[PDB]
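Colleague: let's see this in three dimensions:
(one chain, ligands or ions: 3)
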Amino acid sequence: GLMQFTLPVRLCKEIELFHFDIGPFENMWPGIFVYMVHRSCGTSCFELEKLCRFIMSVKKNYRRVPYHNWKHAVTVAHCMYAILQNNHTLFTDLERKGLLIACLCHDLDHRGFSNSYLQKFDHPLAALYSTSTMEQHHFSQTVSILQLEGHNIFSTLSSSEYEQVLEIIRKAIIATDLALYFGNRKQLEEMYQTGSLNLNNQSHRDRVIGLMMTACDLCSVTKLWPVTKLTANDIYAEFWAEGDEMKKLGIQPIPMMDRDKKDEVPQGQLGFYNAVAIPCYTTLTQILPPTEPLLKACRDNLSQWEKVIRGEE
Ligand SMILES: COc1c(C)nc(CSc2nc3cc4c(cc3[nH]2)OCO4)c(C)c1C
Ligand SMILES: [Mg+2]
Ligand SMILES: [Zn+2]
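Modeller: Numbers count the residues shown, from 1 in each chain. Ligands and ions are numbered 1, 2, ... in the order given. Sharing the structure here:
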């Protein structure tokens, strides 16, 4: 109980910043996460015995893929931590508990292939879940891990609070389906602009949590240029593998996934920053002012991609 996690001075300082990189030492990631749970939630939120067993079962059910891996899980959770810490008073005890656990679990058992590839392959998961295929799978896997003996980190919630937090984690994980993001942000954009946005309305909170999940999920574009640039290699390595597998099914993939069209990556990044990233962190900054540093970092990285195209790197 009186057992805190402590990080070295540089990590203790930099972990509080939105652009923190969790580093290349896999064995430190679990303690980094427990550290974030303790500061954000409390040392009491979770039985440390059961949290540590949950954290390790989650790690084991992430696969060895270039990008949708255990590092990504902890990275997305760190971005959620940074939002929760800069927005102390806006979130319930149940929301802070749920959202860190949601972020850690959001891509469980990812195989490194989009919903689109599962559908055309006619993968069994596409038969069980017609929309948000992988995201319904990630939540399924989260529930299964919570039901292993000794792994129910929520066991000291009342029946109602337990049902509330699983509902938070389910909407949070489904919202990481980027297909659902455009709609969610347009609605949040209208609601903010006509002044009808109301954080006491549960359906409004759900939308705002959804956008936080998209913001944390995309946080690779909010890092310092060299992390952003080196993460892009891992992102495209999965995409080009999927593109290869599309060709094996006799389907020309979209250029984003065609390793023969690497030359168009910088121009594709521009579209993506302009179409998804900048709009995402703009509406987030409007609803939650202290998350501005994510919008600033995103715009710096847009400028770095403009320079790549202009040949200056
Ligand atoms: C941060 O997350 C992402 C990052 C960094 N990048 C991307 C890729 S965005 C994107 N759209 C593209 C279109 C293209 C292309 C590369 C492209 N990259 O080559 C020719 O036509 C995604 C989809 C996510 C989700
Ligand atoms: Mg996902
Ligand atoms: Zn993700």
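Colleague: what distance do you get for the residue nearest the centre of the chain to residue 276?
Modeller: Geometric centre of the chain, nearest residue: residue 217, 2.7 Å, by CA atoms, centre = their mean. Taking CB to CB, to the nearest Å as the measure, residue 217 falls 11 Å from residue 276. Bear in mind the C-beta positions are built from the backbone N, C-alpha and C, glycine included.
Colleague: next: residue 34.
Modeller: Distance, residue 34 to residue 276, using CB to CB: 32 Å.
Colleague: do residue 141 as well
Modeller: 26 Å.
Colleague: what of residue 63?
Modeller: Distance from residue 63 to residue 276, by CB to CB: 25 Å.
Colleague: quick one: which of the two has more around it?
Modeller: Using other CB atoms under 10 Å, the more surrounded residue of residue 63 and residue 276 is residue 276, with 17 against 14.
Colleague: which neighbours do residue 217 and residue 276 share?
Modeller: Contact criterion CB atoms under 8 Å, 6 or more residues apart in numbering; residues shared by residue 217 and residue 276: residue 178.
Colleague: contacts for the lengthiest helix in the chain?
Modeller: Ranked by residue count under DSSP state H, the longest helix found in the chain is helix 225-248. Outside of helix 225-248, the residues within contact range by CB under 8 Å, 6+ apart are 19, 21, 65-68, 112-114, 117, 120-121, 220-221, 223, 252-254, 256-259, 262, 265, 269, 300-301, 304.
Colleague: next one: stretch 36-48
Modeller: Contacts for stretch 36-48 (CB under 8 Å, 6+ apart): 1, 3-5, 15, 34, 51, 77-78, 81, 84-85, 93, 96-97, 100, 153, 155-156.
Colleague: can you tell me which of these are buried?
Modeller: Among the contacts of stretch 36-48, the ones that count as buried by 16 or more other CB atoms under 10 Å are 5, 15, 34, 51, 77-78, 81, 84-85, 96-97, 100, 153.
Colleague: nearest to ligand 1 among the residues you listed?
Modeller: Distance to ligand 1 across the buried ones among the contacts of stretch 36-48 (CB to the nearest ligand atom) is lowest for residue 78, with 14.9 Å.
Colleague: show me the contacts for that closest one.
Modeller: So residue 78 contacts 15, 20, 22, 32, 36, 219 (CB under 8 Å, 6+ apart).
Colleague: measure it to residue 103 for me?
Modeller: 8 Å.
Colleague: same check on residue 219?
Modeller: For residue 219 relative to residue 103 (CB to CB), the value is 10 Å.
Colleague: name the nearest residue to the residue nearest to the centre of the chain, ignoring sequence neighbours.
Modeller: residue 176 (5.0 Å; CB to CB, 6 or more residues apart in numbering).
Colleague: near ligand 1, which residues of the stretch 101-250 of the chain are found?
Modeller: Contact residues of the stretch 101-250 of the chain with respect to ligand 1, defined by CB under 6 Å from any ligand atom, are listed as 218, 220-221, 232, 235.
Colleague: among those residues, who's most crowded?
Modeller: Counting neighbours by other CB under 10 Å, residue 221 leads those with 24 neighbours.
Colleague: which residue ranges of the stretch 201-313 of the chain form helices?
Modeller: Ranges of helices in the stretch 201-313 of the chain, per DSSP state H, counting those that start in this stretch, are 202-217, 225-248, 265-272, 278-287, 292-309.
Colleague: go through those and name the closest to residue 107.
Modeller: helix 202-217 (8.4 Å; CB to CB).
Colleague: which residues sit against the closest one?
Modeller: With contacts defined as CB under 8 Å, 6+ apart, helix 202-217 is touched by 76-77, 79-80, 83, 95, 99, 102-103, 106, 168, 171-173, 175-176, 178, 180-181, 184-185, 187-188, 191, 197-199, 280-281, 283-284, 287-288, 291, 294.
Colleague: out of those residues, which are buried?
Modeller: Among these, those classed as buried by 16+ other CB under 10 Å are 76-77, 79-80, 83, 95, 99, 102-103, 106, 168, 171-173, 175-176, 180-181, 184-185, 187-188, 191, 197, 280-281, 283-284, 287-288, 291, 294.
Colleague: ligand 2 next: which of the residues you listed are close?
Modeller: residue 176 (CB under 5 Å from the ion).
Colleague: out of the buried ones among the contacts of helix 202-217, which are inside strands?
Modeller: With DSSP state E as the criterion, strands contain none of the buried ones among the contacts of helix 202-217.
Colleague: sitting in helices, which of the buried ones among the contacts of helix 202-217 do you find?
Modeller: 76-77, 79-80, 83, 95, 99, 102-103, 168, 171-173, 175, 180-181, 184-185, 187-188, 191, 280-281, 283-284, 287, 294.
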